[PDB]
């Protein structure tokens, strides 16, 4: 009975972790809805906001839209250290600067990124294949061998480095049944029992 098209734009990391799980529920409850997913950078998604009924991004609340905080991720420094290449991914400069500062503080030498990549997913695969060491958000940490790697929680002044994920939309869109459906499902999905 609910049946249009919903166009979702989200951070790339979300598209390989949260979103498939969410879409399994959604499609099961609303099978007659056609789903389009586009992934990319937050800044990309925000730039293209008009293409999307709903955006899921990382960083901060988006301007002139409703926002729902979905969750926070912790971070882990992952290594087989000063001599190994650090793999840096692309994000807003405040967050990268927290990681740089942490590396400078808790390691001996100066932070230098030998390899820089767009996406966290690529970064993780670079890690798994031995290219170097990196820091990951914990939601990206599954299927990394606990035998080959060590995991150290990243804290700054004894407070975990965290990143927030948000769902953003124009409240007016809730007039579209298929969108209202997705936003409500999502309010439920992000609560913990």
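Residue numbers count along the first chain shown, from 1.
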Gap between residue 85 and residue 86, counted in deposited residues with no coordinates, falls in the class none
According to the deposited model, is the average Cα temperature factor higher in 70-78 or in 99-107? 99-107
Which is higher on average in the deposited entry, the C-alpha temperature factors of 153-161 or of 51-59? 153-161
Based on what the PDB entry reports, which of 34, 43, 138, 125 has the top C-alpha B-factor? 43
Going by the deposited entry, which of 65, 28, 131, 167 has the highest CA temperature factor? 65
Can you tell me whether residue 121 has a C-alpha B-factor in the lowest, middle or highest third compared with the other modelled residues of the same chain? middle
Residue 94: C-alpha B-factor third of its chain, per the entry, is the middle
